[PDB]
Amino acid sequence: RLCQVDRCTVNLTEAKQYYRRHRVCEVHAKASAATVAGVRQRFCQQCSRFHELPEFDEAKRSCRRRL
Amino acid sequence: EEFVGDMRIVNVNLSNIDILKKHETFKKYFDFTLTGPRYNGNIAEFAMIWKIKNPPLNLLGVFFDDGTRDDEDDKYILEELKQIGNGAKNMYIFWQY
Ligand SMILES: [Zn+2]
Ligand SMILES: [Zn+2]
Ligand SMILES: [Zn+2]
């Protein structure tokens, strides 16, 4: 229970440090959507955090904030 | 100086990769456990994970100091990485000897 995606049983112990630190597996970090705490979310490339889908435009990998 | 848009290409020569473990700027972004030179798709701890394709003998890594980009192993050779800065002000290219 290290990946934030509900029911993801990937062993992050053996993942790259990036994934272990941000509590997300490679596939879930790149998924257009995933259920996190019962809510459809996407792993924001620029923030390295899950946000709810309304914070993104369509299929964009990063949320609307221009950093 | 070499530029692609508003992005400066900065070649950095190191006697070994261990020097970057003590570099105030770069130390958070390298993954020193990884074999073969990596680039970062974003700005976060340990973010330099994406295998650079067919790297030259002495390439140690690439760090883009801003923006996000396509994040995949064995896709982009070094010359192609210069084209996907996407808002990076500096592309640091780390070399040995
Ligand atoms: Zn996962
Ligand atoms: Zn975001
Ligand atoms: Zn982080």
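The record names X-ray crystallography as the way this model was obtained, at a resolution of 2.20 Å.

Under the annotation held in the PDB entry, chain B carries the name Sequence-variable mosaic (SVM) signal sequence domain-containing protein and is attributed to Aster yellows witches'-broom phytoplasma AYWB. Each PDB entry has a title, and for this one the record gives "Crystal structure of binary complex between Aster yellows witches'-broom phytoplasma effector SAP05 and the zinc finger domain of SPL5 from Arabidopsis thaliana".

Where the PDB entry is consulted, chain A appears under the name Squamosa promoter-binding-like protein 5, with the organism given as Arabidopsis thaliana.

(A) Here's a closer look at the coordination of the zinc ion (ligand 1). All names here are of chain A. Those donors, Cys 3 (SG), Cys 8 (SG), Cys 25 (SG) and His 28 (ND1), are the protein atoms that reach the zinc ion (ligand 1), and they lie 1.9 to 2.4 Å from it. One way to put it: the four donor atoms around the zinc ion (ligand 1) meet at angles of 92 to 121 degrees, and that makes the site tetrahedral. Each donor residue of the zinc ion (ligand 1) lies on one chain, and together they are spaced C-x4-C-x16-C-x2-H. Separated by 22 residues along the polypeptide, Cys 3 in the segment before α1 (17-22) and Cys 25 in the loop between α1 and α2 (26-30) bring together distant segments of the chain. The exposure class assigned to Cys 3 is buried, which follows from its relative accessible area of 5%.

(B) Fine view of the environment of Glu 79 of chain B. As for its placement among the helices and strands, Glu 79 of chain B is situated in helix α1 (residues 78-81). In this structure the C-alpha to C-alpha distance between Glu 79 of chain B and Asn 54 of chain B, which are 25 residues apart in sequence, comes to 11 Å.

(C) Representation of the coordination of the zinc ion (ligand 2) in the model. All names here are of chain A. On the protein side, the zinc ion (ligand 2) has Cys 44 (SG), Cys 47 (SG), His 51 (NE2) and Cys 63 (SG) as donor atoms, found 2.2 to 2.4 Å from it. The coordination sphere of the zinc ion (ligand 2) comprises four donor atoms, whose angles at the metal cover 96 to 118 degrees; the geometry is tetrahedral. The sequence motif formed by the donor residues of the zinc ion (ligand 2) is C-x2-C-x3-H-x11-C. Note that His 51 is positioned in strand β3 (residues 49-52) and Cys 63 in the segment after β3, a separation of 12 residues in sequence.

(D) Structural detail: the pairing of β3 of chain A. Residues and elements named next belong to chain A. The pairing of strand β2 (residues 39-44) with β3 spans four bridges and is antiparallel. Paired with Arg 42 across the two strands is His 51, which belongs to β3. Between the end of β2 and the start of β3, which pair antiparallel, lie four residues, with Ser 48 showing a positive phi angle near 50 degrees.

(E) Region of interest: the sheet that holds strand β4 (residues 48-51) of chain B. All names here are of chain B. With mixed pairing, six strands are arranged side by side in an open sheet as β1-β2-β6-β5-β3-β4. Strand pairing shows two members of the sheet lacking a second neighbour, β1 (2-4) and β4, which therefore form its edges. Pairwise comparison of adjacent strand axes, ignoring direction, gives a mean angle of 30 degrees for this sheet.

(F) Region of interest: the interface of chain B and chain A. Listed per partner, the contact involves 16 residues of chain B and 13 residues of chain A. Interface area, chain B with chain A, both sides summed: about 1200 Å², of which 49% is carbon and sulfur. The tally of links between chain B and chain A comes to three salt bridges. The salt bridge involving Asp 71 of chain B is made with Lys 30 of chain A; its shortest N-O contact spans 3.1 Å. Where chain B packs against chain A, one counts eight residue pairs in polar contact. A breakdown of the residues in the side of chain B that touches chain A according to their chemical character gives seven nonpolar, four polar and five charged.

What counts, and where the lines are drawn
- Residues numbered from 1 in each chain as written, not as in the entry; some residues may be left out.
- Chains lettered and ligands numbered in written order.
- Heavy atoms only, no water.
- Residues with missing side-chain atoms left out of burial classes, pairs and counts.
- Donors = N, O, S within 2.8 Å, 3.2 Å for Na, K, Ca; no water.
- Tetrahedral: all angles 85-135°; square planar, octahedral: opposite > 155°, others 65-115°.
- Helix = DSSP H or I, 4+ residues; strand = E, 2+ residues; numbered from the N terminus.
- Buried < 20%, exposed > 50% of the residue type's maximum accessible area, 1.4 Å probe, protein only.
- Pairing = 2+ DSSP bridges.
- Axes fitted to C-alpha atoms, helices over the stretch in contact; angles between N-to-C directions.
- Contact = heavy atoms within 4.5 Å.
- Buried area = accessible area lost by both parts, 1.4 Å probe.
- Salt bridge = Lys/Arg side-chain N within 4 Å of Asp/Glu carboxyl O.
- Polar contact = N/O pair within 3.5 Å; in protein donor to acceptor, adjacent residues only side chain to side chain.
- Nonpolar A, V, L, I, M, F, W, Y, C, P; charged D, E, K, R; others polar.

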